[PDB]
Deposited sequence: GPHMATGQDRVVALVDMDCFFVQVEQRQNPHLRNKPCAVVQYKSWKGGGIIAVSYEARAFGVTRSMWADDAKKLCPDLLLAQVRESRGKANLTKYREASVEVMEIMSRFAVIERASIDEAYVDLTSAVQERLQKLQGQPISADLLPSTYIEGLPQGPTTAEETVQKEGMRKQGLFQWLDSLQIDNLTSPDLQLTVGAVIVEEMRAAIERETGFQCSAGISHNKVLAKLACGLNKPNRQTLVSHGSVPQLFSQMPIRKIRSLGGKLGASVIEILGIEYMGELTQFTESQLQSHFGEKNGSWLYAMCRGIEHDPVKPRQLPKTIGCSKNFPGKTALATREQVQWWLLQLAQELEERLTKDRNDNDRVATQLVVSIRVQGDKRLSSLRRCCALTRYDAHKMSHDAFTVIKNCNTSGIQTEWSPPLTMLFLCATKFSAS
């Protein structure tokens, strides 16, 4: 009743760039704009592995994790942009810099949590309050929401349906009550329209966004109407939306835990979770997951928007599959040095930009025939931004995996260096 808090305190947005790496290449190369295109890594093996796909190319069935030659079977006019290669490995600098452009714009509006190279959460609660105070009871015009969908509306062509649903929502709005959750979301969506306009104006990149009361709902909402649209998911829309939402569609439930929720409880959709008690869910999935599931299937989640715009770790990774696996000492040293050189470059620039220094070097490896993605992860001190020292320490720290009596055995199918434990400088 009155004391059942409903998780309507906050206004949170998730902004995510549409086919991000492809848009970065399309800005740089106009010939790629408004075409089926994809971004790949490498080119010798099956034309390279696809990691980003324009929506034109998606209409042919091209997806991420597809080989480019297979994709070309689906889309013979597919255009391909290749990730930069440096020191014999993929170099993602162009996209990290494009990302920093986007993040710095979003930061002007509110405090953001960088959730990936192409997406950030925004806590808009304060900003919505300020804007409601500025409006002074003025109602919200549909002109202020040109790309906004209201999930679950209309009830009772695409743009036509969007405008119908928006009209229904705006007519139902109690603009006088500065404290109504639904009004707060609506004003949040006005600000998110402004944010996405600024992002497009100042970068050329288009994006989508979700507006709701928490991070999970904002993220789920963002995907409902991609590309180049934003979606308002209200508290009241949760029962219908969740009544047919596969559990795996909710962030963090797409893997083993989601599968066990399905198998143990004997359910399919998010909504069905509501029929279990908190204690029941805690019994099956632990106290934390259980509490979180009990509130999440009612649309409630409390995870804060962390004020963090920059990555907490800086890492360099390369796989060496099958017959390219590193089998000699010279090879492991040369590739550890290549990794350490790219890492050093990134870390020096990080220090100059962000006034901080990493203090811990993590070295991770895979050995051939190991089932696990990571076979060993060991850490050492990172005291100098010197690639030669970093590669020597990584070797010093992993060399006791070589069972050879000049050789390396088992051959290494992955090297991974990661700087962590940052400290102000």
Comparing deposited sequence to modelled residues, the uncovered ranges are 157 to 164, 414 to 415
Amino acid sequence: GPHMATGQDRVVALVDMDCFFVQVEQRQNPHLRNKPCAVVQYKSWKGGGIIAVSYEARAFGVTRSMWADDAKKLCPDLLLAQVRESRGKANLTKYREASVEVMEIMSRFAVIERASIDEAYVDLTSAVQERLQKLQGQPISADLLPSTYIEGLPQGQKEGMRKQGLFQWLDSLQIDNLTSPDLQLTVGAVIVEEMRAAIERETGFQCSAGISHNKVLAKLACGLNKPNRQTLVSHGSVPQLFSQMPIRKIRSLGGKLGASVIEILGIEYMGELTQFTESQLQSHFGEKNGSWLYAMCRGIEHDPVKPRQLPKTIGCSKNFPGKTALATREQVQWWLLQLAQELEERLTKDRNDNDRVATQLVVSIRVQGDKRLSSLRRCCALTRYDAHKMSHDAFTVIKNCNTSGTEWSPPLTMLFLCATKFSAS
From here on, numbers count along this sequence of modelled residues.
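C-alpha atoms forming the largest set that superposes within 1.5 Å between two forms make up the rigid core.
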168 to 176 or 263 to 271, the stretch lying farther from the shown form in 8 other deposited structures of this protein by root mean square CA distance over structures and residues, after core fitting, is 168 to 176
Superposing the other structures by the rigid core, the farther-displaced stretch by RMS over CA atoms in 8 other deposited structures of this protein, of 177 to 185 and 126 to 134, is 177 to 185
Stretch with higher mean Cα temperature factor, 193 to 201 vs 135 to 143, is 135 to 143
Ranked by mean Cα B-factor in the entry, 9 to 17 and 412 to 420, top stretch is 412 to 420
From the entry's CA B-factor values, the highest among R27, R64, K389, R58 is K389
The largest CA temperature factor among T231, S116, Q333, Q240 is found at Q333
Entry-reported C-alpha B-factor of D70 relative to its chain, by third, is middle
Of the three thirds of Cα B-factor ranks in this chain, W292 occupies the highest
Of the three thirds of Cα B-factor ranks in this chain, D350 occupies the middle
Quick tally, chain-level thirds of C-alpha B-factors: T125 sits in the middle
Here the Cα B-factor of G156, set against its chain, lands in the third termed highest
